[PDB]
Amino acid sequence: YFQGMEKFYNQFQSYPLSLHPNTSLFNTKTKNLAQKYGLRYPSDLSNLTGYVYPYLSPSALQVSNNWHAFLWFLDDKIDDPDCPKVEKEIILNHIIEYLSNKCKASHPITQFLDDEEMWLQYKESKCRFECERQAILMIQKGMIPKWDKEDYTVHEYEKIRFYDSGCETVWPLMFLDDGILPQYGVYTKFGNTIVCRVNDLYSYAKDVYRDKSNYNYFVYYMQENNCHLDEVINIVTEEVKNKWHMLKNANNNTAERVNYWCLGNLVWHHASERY
């Protein structure tokens, strides 16, 4: 595992920007908003925002960090093994209802989203509506199926993880300073895959050895294909190499910003004590 990760990171680490993005101001504002509703956003997560959106304005970075905080709060609750299952179903259906204009925000997570400071001057932006549309899909096609499912093929995991990861909800943030939506298609899909492969690789030790969770590409691939971890790491390295080249070779604004997101996500995981 350790040698496989070393070889993987050495192959793909090509983050050209500062290891010290300016994050303090937006970290503080996001945490202040979280604390207003009794929620916690760990400061290290703000570094990810700084790494992945280095081309955004300060106000767009602020709202992006707020959206990442929403995803963190929800993942924290849904992935919590000690949270009662009925409470998870209640919060997931409530978020859908709130995001569908059917009910008031009545839980801390939706009160956070409903606050004037959530979206700042971007409350009526195309981004806001698309983030929320994609968050409904993340719940309906990602989180709800996952919390009812025990067995996964690799392909079933890939479909559920595409939604459950929330990556489709972050692509619109890349266009906050432009007022338009991303071009969804092969490049957002490749970005979703690259982010998830990196995340699953870095979380493998915690998932398998510490948390005893099977929800990880490498676990399901090893089961399905009867192979060892080193082999899957090699296979994923080849897949990521090909898809990341395809992302970098497109002269297309969505692909270019997805590339930054994949590069920044890799540097953040390399630096993190979490893994």
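The sequence shown maps to residues -3 to 271 in the deposited numbering. Just so you know, even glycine gets a beta-carbon here, dropped at the ideal spot from N, CA and C.
### Query
Below 8 Å between beta carbons: does that hold for residue 156 and residue 138?
Closer than 8 Å, so yes.
### Task
Between the Cα of residue 63 and those of 128, 19 and 78, spot the shortest distance and give me the residue it belongs to.
Taking only the C-alpha atoms, the option nearest residue 63 is 128.
### Task
In the DSSP assignment, find the alpha helix (DSSP H) that holds residue 198 and state where it starts and stops.
Counting along the chain, the alpha helix (DSSP H) containing residue 198 begins and ends at 182 to 201.
#### Entry: Where residue 164 sits in the DSSP three-state scheme
DSSP places residue 164 in helix when its eight states are reduced to three.
### Message
So, at 7 Å on beta carbons, what are the nonlocal neighbours of residue 233 in its own chain, with the 5 sequence-adjacent residues on each side left out?
### Response
A distance below 7 Å between beta-carbons, with the five flanking residues on each side excluded, links residue 233 to the following residues of its chain, in chain order: 4 and 7.
### Query
Ends of the alpha helix (DSSP H) at residue 25?
The continuous alpha helix (DSSP H) containing residue 25 extends over residues 20 to 32.
### Message
Comparing C-alpha positions only, which one of 79, 136, 147 and 131 sits nearest to residue 167?
### Response
When each option's Cα is compared against that of residue 167, the closest is 131.
### Message
Assess contact between the region 248 to 258 and the region 23 to 33, defined as three or more Cβ pairs (one per stretch) separated by less than 8 Å. Is contact present?
### Response
Touching, no.
### Query
Cβ atoms of residue 122 and residue 177: under 8 Å apart, would you say?
Their beta carbons are under 8 Å apart, which means residue 177 touches residue 122 by this criterion.
### Task
Check residue 50 in the structure and name its three-state DSSP category.
Under the three-state reduction of DSSP output, residue 50 falls in the coil class, being neither helix nor strand.
### Message
Rounding to the nearest angstrom, what Cα-Cα distance links residue 71 and residue 56 in this structure?
### Response
When rounded, the distance between both Cα atoms is 23 Å.
#### Entry: Cα-Cα separation between residue 87 and residue 140, rounded to whole angstroms
Cα-Cα distance, rounded: 11 Å.
### Message
Mapping the DSSP letters down to three states, classify residue 268 as helix, strand or coil.
### Response
DSSP, reduced to helix, strand and coil, places residue 268 outside both helices and strands of the structure shown, so it counts as coil.
#### Entry: Selected residue, minimal CA-CA separation from residue 42, among 25, 247 and 172
It is 25.
### Query
When you compare only the Cα positions, how much space is there between residue 135 and residue 106?
Distance between the alpha carbons of residue 135 and residue 106 is about 14 Å.
### Query
What whole-angstrom Cβ distance do residue 254 and residue 183 have, given they're in contact under 8 Å?
Right, their Cβ atoms sit about 5 Å apart.
### Query
For the region 189 to 197 against the region 261 to 270, are there 3 or more C-beta pairs whose distance is under 8 Å?
Yes, the region 189 to 197 touches the region 261 to 270.
### Task
Label residue 95 either buried or exposed according to how many other C-beta atoms from any shown protein chain fall within 10 Å of its C-beta, with 16 as the threshold for buried.
Buried, because 16 or more other Cβ atoms sit within 10 Å of the Cβ of residue 95.
### Task
Leaving aside the five residues before and after residue 161 along the sequence, list all residues of the same chain whose C-beta is less than 6 Å from its C-beta, in chain order.
192.
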